[PDB]
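Input: a single structure, listed below in structure tokens.
Each answer follows from the model by the rule given with it, or from the source it names; none is laboratory data. When we count neighbours, we look across all protein chains shown, and the Cβ atoms used for this are built from the backbone with ideal geometry, even at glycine.
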Amino acid sequence: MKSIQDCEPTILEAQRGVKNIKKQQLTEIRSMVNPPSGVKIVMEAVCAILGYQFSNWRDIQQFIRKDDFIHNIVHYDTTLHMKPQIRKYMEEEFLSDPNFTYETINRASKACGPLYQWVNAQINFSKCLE
Amino acid sequence: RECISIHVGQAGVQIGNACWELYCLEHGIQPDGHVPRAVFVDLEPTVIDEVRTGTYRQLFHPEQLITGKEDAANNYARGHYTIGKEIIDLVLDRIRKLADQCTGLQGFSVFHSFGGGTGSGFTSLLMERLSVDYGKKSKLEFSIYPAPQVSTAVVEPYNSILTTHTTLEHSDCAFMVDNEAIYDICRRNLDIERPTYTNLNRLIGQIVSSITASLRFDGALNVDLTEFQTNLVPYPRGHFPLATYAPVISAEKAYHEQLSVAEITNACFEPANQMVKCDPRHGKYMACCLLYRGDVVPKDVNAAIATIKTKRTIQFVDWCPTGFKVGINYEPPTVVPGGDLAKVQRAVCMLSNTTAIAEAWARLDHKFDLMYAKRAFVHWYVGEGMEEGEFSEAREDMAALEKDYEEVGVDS
Amino acid sequence: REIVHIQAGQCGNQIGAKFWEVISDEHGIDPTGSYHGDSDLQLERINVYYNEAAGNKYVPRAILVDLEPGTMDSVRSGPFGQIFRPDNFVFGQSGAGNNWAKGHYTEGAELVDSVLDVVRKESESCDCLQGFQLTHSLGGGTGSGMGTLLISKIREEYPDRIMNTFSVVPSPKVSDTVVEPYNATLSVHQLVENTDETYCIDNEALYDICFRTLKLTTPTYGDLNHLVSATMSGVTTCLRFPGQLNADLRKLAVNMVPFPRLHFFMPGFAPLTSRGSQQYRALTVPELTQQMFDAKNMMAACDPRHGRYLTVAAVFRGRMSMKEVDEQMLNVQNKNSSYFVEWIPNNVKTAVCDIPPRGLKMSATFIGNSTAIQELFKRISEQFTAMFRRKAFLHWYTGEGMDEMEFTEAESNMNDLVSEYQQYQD
């Protein structure tokens, strides 16, 4: 057969994950001086996924404010799963917290959930050779 | 016995500032003797700053004018969480040096405003922190609540739908004025065309002296702060009077013979002389407190009320058959020079709990909808550690207080 | 709570020079820096705008930025020139070499530091920082290139305050400058990401108002400049006097923007009387609105009238019956109910400070946030695309080490923003 199997329809799911997002949701987010903690943990999760070194809110504003924030997202690898250790890191760090919890975030702003869904995909595909 | 007072917000301090004057005139305090017994809280200096300077420098011990110095927001969130958080403590401390400066008070007259800098959000966290530290006491807030048209901001609607849930569950009985509805009164019944935020404040400073102040002068058939919480509520929910005062007229519609007791009471039910655009015509009343003061003799009243009791435009609600109270005090209202009411001899503050305020709740719930319906102005709040929750749940909540204030009508 | 100027560029210096002419005079301050006013109230808030120096001379906190240096020998030549404290002036020697790229890599890219330096040394000499006003033009050298760089450093060191930008947009039919669309378009992309409150003023709309609304024969660049400063004292400074209802800088902003694409405003001042011709005794408040909402008392390109306003903010300032204001505003929201946006539910944000501007007896700045501002960026974007289309000047740019691709970028980007403003033309 022509399948990869291991996480297979996760990578057709992860594909919805990139096609969801809308720029205006980012533009408001990047303006947010101090959004709730529910935003904050999600953004630490994106920063790890893109593999910036770990952060905290002050630093995160300075980072996210960049021109290429949205661009890097739109330029990214949906097919990345090539040996990040960001999987075992992100799991020790976040997939063990039930406040990293889809819903809380899912209401959080407009479409913050789709971003959580995107991260979740980048983790749940990263289960790729499990 | 006597009773601390907290004004929070641009507004609330102004309200104080008039109102606290009248008091002091009232007992014959100079601008110095004993020392006022209340506090002014705000996140943006300039208002309080006048107060530190304009006559009445003295007459507060300067501990109690706490002023922030950072922003004022103008948007709840920030004022509740984020900025305001810093100040809380420091305020909370004064009233706890101030509680224990005195024995057996009954509650906190808050005056806080439903638009203004601080002071939906902030108040939100204040009445809440009092409610846990002083779970028992009485919490009367006179809040100022935004007109059906004459709004002056583009987030009046956001602030006020956020506030309800904080005041619903935590303030005992919340009085409402509105700026717009006050305007008529100044124009027609008083006859000025300059009604500044400064004139109306001189007014509310009169309706308040008649609840409390005056009761403390002890007269003939006295009413008291617990009493309310029995007589005006009638269920659990924090229920909301509307206030009305009676003989408002100016110093040369004065001469038109006495204001009879009989008249002034009749003049309250008139839906062009209340204070909150609402009009009681199809409201059912449910509870009144008529507090009279000055030469009003029990009998007079107890006749004039009978007439009303039969006027039949005006409906009491079925499942109560009674419903009155009477305050008679002595002390004939006192008249602030830089104000505009006549030397009356007696006036009558009926406040009362009506299903009419179904009205007022509507408009704002409506306004709000439009804006939320796009999402519109959200980002100033989201970004302050306040949530998408708070929007949805403070509407859905307040709708479901609004069916109660209708249902408790009419169904017997 | 106190706040900090930045005057980049030619205009950006020039306007400055009047603004501190104004502001000073609203607090009884000499040219020297010593106070001689009347009423304590004047002197109560100097801090917002000053620093107290030893002796008693309050020197204005500005920064005076320019990539050439006769500019500065004019600003200090002025009549209210002593004031600044010399250490502030950061010139360069290049010339406003009138290429955005040269002012944003290259010659300005060098100078930056000798400015940030003065900003931190200024920033930390005051208590509570509020924001920076950055004044400048999308015209000269230093303005669109170099100043649009400048903010990108500020908004990363001080990433929470507000940032007012007063930009003197490239006035369509009264231009100089054959490169305009290059010099504008590159900066507008950069403004729309990073400043939170931006005000477009345009020289010919500005003109207009001076020969017909004023009836002045000869409108000097100087006069015009003078008129601009009244809108800027009028926004801010005013709330740093007492009030009635008092909005403010955070607030003003925080009442406008219905989503977050910065949104650019349009100032309008309000008791303009043409000299001898208007000593018809007639000041109230119905005129002040009468004037203000009139499509020829906008300081900025288009006529409101082809679109909506989204928010409006009228900051009045003298004695008044606070009712008659609150009313007036209402009527206005009903007579022209047609175009005011039917899904925001009230628009005006009234504020009312409380002292007059000097001679007058009440004034009142308008800050309109209209969708009519589609009609400026189309205009600009047009001239660009058309002339970009044949690469047609491109080299005084390419050669400073920037690609073509930026020229694409910026256009696309910036053009898309116009799209947004039209969505709410609905």
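Details
- Residues located in the range B:146-181, provided they are among the aromatic types (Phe, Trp, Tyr) and surrounded by fewer than 21 Cβ atoms within 10 Å (Cβ to Cβ): none
For every residue, the table says whether it meets (1) over 22 Å from the mean Cα position of the chain (by Cα); (2) among the aromatic types (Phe, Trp, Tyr).
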residue	(1), (2)
C:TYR58	yes, yes
C:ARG61	no, no
C:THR71	no, no
C:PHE80	no, yes
C:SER94	yes, no
C:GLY103	no, no
C:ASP113	yes, no
C:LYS121	yes, no
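- Where B:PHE368 falls short, out of the listed (1) in contact (Cβ under 8 Å) with a residue 40 or more places away in the chain; (2) within 30 Å of A:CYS112 (Cα to Cα); (3) away from chain A (no Cβ under 14 Å); (4) more than 27 Å from the chain's Cα centre (by Cα): (4)
- Taken over the range B:289-342, the criterion of being over 26 Å from B:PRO234 (Cα atoms) and without any contact (Cβ under 8 Å) to a residue 60 or more places away in the chain is satisfied by B:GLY294, B:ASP295, B:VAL296, B:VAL297, B:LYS299, B:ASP300, B:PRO332, B:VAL335, B:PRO337.
- Residue check, B:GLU390 acidic (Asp, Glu) and within 14 Å of chain A (Cβ to nearest Cβ): yes
For every residue, the table says whether it meets (1) within 14 Å of chain B (Cβ to nearest Cβ); (2) part of a loop (DSSP other than H, G, I, E, B); (3) not basic (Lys, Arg).
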residue	(1), (2), (3)
A:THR27	yes, no, yes
A:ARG30	yes, no, no
A:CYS47	no, no, yes
A:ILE60	yes, no, yes
A:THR79	no, yes, yes
A:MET82	no, yes, yes
A:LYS88	no, no, no
A:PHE94	no, no, yes
A:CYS128	no, yes, yes
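- Conditions (1) part of a helix (DSSP H, G or I); (2) under 25 Å from C:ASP416 (Cβ atoms); (3) more than 11 Å from chain B (Cβ to nearest Cβ): number failed by A:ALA14: (2)
- Considering only residues in the range C:50-72 that are of a type outside the set (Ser, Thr, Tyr) and in a strand (DSSP E or B), the one that is nearest to C:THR32 (Cα to Cα) turns out to be C:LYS57.
- Matching residues in the range B:179-199 - criterion: being charged (D, E, K, R), more than 11 Å from chain C (Cβ to nearest Cβ) and not in a helix (DSSP H, G or I): B:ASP191
- Filtered residue count, the range A:71-120, keeping only those that are among the aliphatic types (A, V, I, L, M) and surrounded by fewer than 20 Cβ atoms within 10 Å (Cβ to Cβ): 7
- Looking only at the range C:309-352, and only at residues there that are crowded, with 23+ Cβ neighbours inside 10 Å and basic (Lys, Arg), the one that is farthest from the chain's Cα centre (by Cα): C:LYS323
- The range C:249-271, residues that are assigned to a loop (DSSP other than H, G, I, E, B) and at the interface with chain B (Cβ under 7 Å from one of its Cβ atoms): C:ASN255, C:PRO258, C:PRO260
- Unmet requirement for A:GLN24, which otherwise passes all of (1) buried (at least 18 other Cβ atoms within 10 Å of the Cβ); (2) under 30 Å from B:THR82 (Cα atoms); (3) not basic (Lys, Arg): (1)
- Here the condition is being surrounded by 15 or more Cβ atoms within 10 Å (Cβ to Cβ) and either farther than 30 Å from C:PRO181 by Cα or within 14 Å of chain B (Cβ to nearest Cβ) (or both); of C:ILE373, C:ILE380, C:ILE355, it holds for C:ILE355 alone.
- Residue match in the range C:217-229 (condition: among the hydroxyl-bearing types (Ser, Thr, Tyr), in a helix (DSSP H, G or I), out of contact with any strand residue (DSSP E or B) (no Cβ under 6 Å at 6 or more places or on another chain) and assigned by CATH to the domain that holds C:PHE19): yes
- Looking only at the range A:32-45, and only at residues there that are farther than 19 Å from C:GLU193 by Cβ and assigned to a helix (DSSP H, G or I), the one that is farthest from the other protein chains (Cβ to nearest Cβ): A:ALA45
- Of the set (1) of a type in the set (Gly, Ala, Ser); (2) within 12 Å of another protein chain (Cβ to nearest Cβ); (3) surrounded by fewer than 23 Cβ atoms within 10 Å (Cβ to Cβ), all apply to B:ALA72 but (3).
- Pair list, Cβ < 7 Å and 6+ apart or interchain, from the range B:47-76 residues that are farther than 15 Å from B:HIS7 by Cα to residues that are in a helix (DSSP H, G or I) and aliphatic (A, V, I, L, M): B:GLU70/B:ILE83; B:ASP71/B:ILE83; B:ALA73/B:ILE83; B:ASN74/C:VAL254; B:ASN75/C:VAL254; B:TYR76/B:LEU162
- Criterion applied to C:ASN51, C:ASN47, C:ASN56 was being surrounded by fewer than 22 Cβ atoms within 10 Å (Cβ to Cβ) and either closer than 17 Å to C:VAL168 by Cβ or within 14 Å of another protein chain (Cβ to nearest Cβ) (or both), and the one residue passing it is C:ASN47.
- Among the residues of the range C:233-248, those identified as assigned to a helix (DSSP H, G or I), under 30 Å from B:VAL382 (Cβ atoms) and touching a helix residue (DSSP H, G or I) at 6+ places or on another chain (Cβ under 9 Å) are C:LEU239, C:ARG240.
- Residues of the range C:199-232 classified as crowded, with 19+ Cβ neighbours inside 10 Å and either in contact with a helix residue (DSSP H, G or I) (Cβ under 6 Å, 6 or more places away or on another chain) or of a type outside the set (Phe, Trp, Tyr) (or both), total: 16
- Flag for C:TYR182 being in contact with a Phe, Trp or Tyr (Cβ under 9 Å, 6 or more places away or on another chain), more than 30 Å from C:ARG250 (Cβ to Cβ) and in contact (Cβ under 8 Å) with a residue 12 or more places away in the chain: yes
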